[PDB]
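Structure, as structure tokens:
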Amino acid sequence: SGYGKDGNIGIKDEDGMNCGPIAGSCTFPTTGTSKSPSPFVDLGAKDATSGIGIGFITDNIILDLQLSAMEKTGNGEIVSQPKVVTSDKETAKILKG
Amino acid sequence: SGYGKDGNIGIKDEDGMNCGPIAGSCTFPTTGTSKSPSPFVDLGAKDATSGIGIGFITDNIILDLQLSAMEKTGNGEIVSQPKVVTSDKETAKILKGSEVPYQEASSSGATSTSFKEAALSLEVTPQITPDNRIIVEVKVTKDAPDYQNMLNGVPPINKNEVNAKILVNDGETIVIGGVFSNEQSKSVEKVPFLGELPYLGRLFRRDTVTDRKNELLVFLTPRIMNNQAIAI
Amino acid sequence: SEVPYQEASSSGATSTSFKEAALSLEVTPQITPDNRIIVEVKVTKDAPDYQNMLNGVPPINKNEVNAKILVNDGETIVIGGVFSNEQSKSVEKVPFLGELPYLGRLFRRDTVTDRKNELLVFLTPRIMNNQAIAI
């Protein structure tokens with residue numbers, strides 16, 4: 001699973017199974033899957049966030065590899081200048097708010 | 001996904017699948033889709049916001065590319081001038097506005113309906129010198145009734161007020177006080193690789209720039225009524 | 001009319017504070033021989049608050065000038081005046097279409113509001129001594 005924009009395909013592969021694909025794996029050497037409707041929908045919604053790179057294989061193996069990156073730059077400049085005319089040795093105030 | 005007006009077609013492509021199109025993709029090289037009803041409705045409603053550019057392909061590939069831009073300009077000018085006639089070395093006031101109450105109705109001994117008027121107001125204590133000049137202590141407040149008060153929540157009234165004592169001649173106008181607020185805000189949201197490319201970055205850098213500059217200034221001119229009082 | 005605020009307060013404080021949104025004059029005139037008066041007058045025009053009519057938090061609206069001035073009997077003066085000039089312009093525009101002149105009216109959303117309210121109070125005192133001498 002990712003962390004900057006957390007993603008783990010396997011959980012949403014279970015959600016894909018909820019969609020209904022046929023997945024069979026009897027041993028670590030032996031596996032096969034067919035009838036997979038999960039990639040296009042699960043990844044399309046899943047990967048909607050800004051920066052994303054998606055790579056998917058299903059027929060030989062189901063391997064979905066996504067890179068999710070966000071780069072944000074914000075610059076804020078505030079210049080406020082209040083002018084008050086005051087008599088000597090007296091208090092005066094300007095207030096705006 | 002966009003950011004100024006966030007958009008990501010893929011999520012609403014799942015919503016499109018809810019509409020019912022046939023989408024098949026068994027490998028990254030191999031994909032195909034048919035029976036797509038999602039683009040016209042999903043994009044039409046989705047892209048309703050003001051500035052939008054929509055480009056859609058579905059048969060070869062489904063690629064929807066929309067640019068959503070809003071540009072807003074508002075200029076507000078308020079000029080309010082209150083005139084008060086006051087005797088020399090006396091206090092007088094002009095007030096126009098409304099007094100929001102806070103009923104601190106307090107059962108045990110304290111009933112304090114505190115109430116304060118968001119108003120344009122002048123409180124003046126002028127002292128006249130012979131050469132048609134005045135040294136006056138004036139509190140000048142421009143307070144506008146709080147929205148939250150109109151909202152019946154916790155009411156913060158807005159106050160722009162200068163209190164000071166100054167000397168000016170009768171035929172003279174001065175700046176009692178002034179403030180210029182210059183707000184410069186830039187926010188750009190960008191995917192790194194696409195953001196790099198110049199043409200692509202405008203397509204792939206989400207820029208929000210806001211410039212708000214409000215300046216407030218108060219002038220004043222006192223016209224001696226002695227010119228008439230001597231006649232009186 | 002005097003809107004009340006019943007701060008009915010159980011423990012020792014019953015303060016039905018009540019204040020009239022009214023047109024009102026409070027005058028303390030001092031007469032000088034040459035048919036002139038220096039008078040301390042508080043002139044208030046207060047209108048009953050909508051929220052008070054709404055039974056919410058009632059902000060009554062007050063336009064009031066309090067001052068002491070000298071004027072002759074046959075004289076009218078401006079006790080006080082205020083002119084409020086509000087100029088508001090808001091234009092909402094798609095950049096490209098907003099650029100084009102004919103298209104921009106079609107594609108620039110303009111809201112312009114100009115509200116200008118001026119309030120002035122005059123005054124003239126007619127000495128009743130003219131009648132009181134007859135009296």
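Within each chain, counting starts at residue 1; across the structure tokens, chains are named A, B, ... in the order shown, with ligands numbered 1 upward in that order.
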All residues 10 Å or closer to residue 58 (chain C), only C-alpha atoms, same chain fewer than 2 positions away omitted, as a count of residues only: 23
Spatial neighbours of residue 95 (chain A), max dist 12 Å, only C-alpha atoms, sep filter under 2 positions, as a ChimeraX atom specification: /A:81-84,92-93,97 /B:139-143,158-164,177-179,216-217
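Closest to chain A among B:145, B:192, B:130, B:4 is B:192, based on only C-alpha atoms.
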6 Å contacts from chain B to chain C using only C-alpha atoms, as a VMD selection string: chain B and resid 51 71 to 87 92 to 101 105 to 111
Please report, as a tab-separated table, each residue of chain B lying at most 8 Å from chain A, together with the nearest pair of atoms and the separation in Å rounded to one decimal; use only C-alpha atoms, and order rows by chain and ascending residue number.
residue	atom	partner	partner_atom	distance
B:1	CA	A:50	CA	4.2
B:2	CA	A:50	CA	6.6
B:8	CA	A:48	CA	5.5
B:9	CA	A:48	CA	7.3
B:10	CA	A:44	CA	4.4
B:11	CA	A:45	CA	3.7
B:12	CA	A:45	CA	7.3
B:13	CA	A:44	CA	7.0
B:14	CA	A:41	CA	5.3
B:17	CA	A:41	CA	7.5
B:23	CA	A:40	CA	7.1
B:24	CA	A:37	CA	6.9
B:25	CA	A:40	CA	6.5
B:26	CA	A:58	CA	5.5
B:27	CA	A:57	CA	4.4
B:28	CA	A:56	CA	5.3
B:158	CA	A:97	CA	5.5
B:159	CA	A:97	CA	5.3
B:160	CA	A:96	CA	4.0
B:161	CA	A:95	CA	5.2
B:162	CA	A:94	CA	4.5
B:163	CA	A:93	CA	5.6
B:164	CA	A:92	CA	4.7
B:165	CA	A:87	CA	6.2
B:166	CA	A:87	CA	5.8
B:175	CA	A:85	CA	7.8
B:176	CA	A:85	CA	5.7
B:177	CA	A:84	CA	4.5
B:178	CA	A:83	CA	4.9
B:179	CA	A:82	CA	3.8
B:180	CA	A:81	CA	5.2
B:181	CA	A:80	CA	4.1
B:182	CA	A:79	CA	4.6
B:183	CA	A:78	CA	4.3
B:184	CA	A:77	CA	4.5
B:185	CA	A:76	CA	4.0
B:186	CA	A:75	CA	4.9
B:187	CA	A:74	CA	3.9
B:188	CA	A:73	CA	5.2
B:189	CA	A:72	CA	4.7
B:190	CA	A:71	CA	5.5
B:191	CA	A:51	CA	5.5
B:192	CA	A:71	CA	6.5
Residue contacts of residue 41 (chain B) (10 Å, only C-alpha atoms) excluding same-chain residues fewer than 4 positions away, as number ranges by chain: B: 16, 19, 37, 45-47
Could you write those residues out with N, CA, C and O atoms, as a compact mmCIF listing (two decimals), in the first residue's frame?
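Saved result, selection_31.txt, follows:
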# COMPACT_ATOMS: atom_id res chain seq x y z
N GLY B 16 -20.66 6.57 -14.55
CA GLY B 16 -21.12 6.21 -15.87
C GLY B 16 -21.36 4.72 -16.00
O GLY B 16 -22.38 4.30 -16.55
N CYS B 19 -24.49 3.99 -15.00
CA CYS B 19 -25.44 4.15 -16.11
C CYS B 19 -25.57 2.86 -16.92
O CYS B 19 -26.67 2.53 -17.39
N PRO B 37 -23.25 5.44 -22.24
CA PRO B 37 -24.19 6.56 -22.10
C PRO B 37 -23.71 7.62 -21.12
O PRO B 37 -24.39 8.64 -20.96
N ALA B 45 -23.84 17.50 -16.77
CA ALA B 45 -24.09 17.96 -15.41
C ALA B 45 -22.77 18.31 -14.71
O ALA B 45 -22.67 19.34 -14.04
N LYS B 46 -21.76 17.46 -14.88
CA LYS B 46 -20.49 17.61 -14.19
C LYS B 46 -19.81 18.93 -14.54
O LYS B 46 -19.17 19.56 -13.70
N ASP B 47 -19.97 19.36 -15.79
CA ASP B 47 -19.19 20.44 -16.38
C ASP B 47 -19.99 21.73 -16.41
O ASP B 47 -19.58 22.70 -17.04
Can you list, as a short mmCIF file (atom, residue, chain, number, x, y, z; two decimals) with C-alpha atoms, in the first residue's frame, every protein, DNA or RNA residue that comes within 12 Å of residue 129 (chain C) when you count only C-alpha atoms, leaving out same-chain residues fewer than 4 positions away?
data_model
loop_
_atom_site.label_atom_id
_atom_site.label_comp_id
_atom_site.auth_asym_id
_atom_site.auth_seq_id
_atom_site.Cartn_x
_atom_site.Cartn_y
_atom_site.Cartn_z
CA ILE C 31 -33.37 81.87 25.26
CA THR C 32 -31.14 84.87 24.59
CA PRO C 33 -32.74 88.33 24.21
CA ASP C 34 -32.42 88.72 20.45
CA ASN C 35 -34.95 85.99 19.68
CA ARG C 36 -32.33 83.25 19.57
CA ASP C 73 -36.13 82.12 15.89
CA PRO C 125 -37.72 77.42 16.53
CA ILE C 133 -46.00 88.56 25.80
CA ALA C 134 -49.65 88.70 24.73
CA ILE C 135 -50.16 86.23 27.60
#
Helix (DSSP H, G or I) residues, from DSSP on the backbone, in chain C, as a PyMOL selection string: chain C and resi 50-54+95-99+101-107+129-132
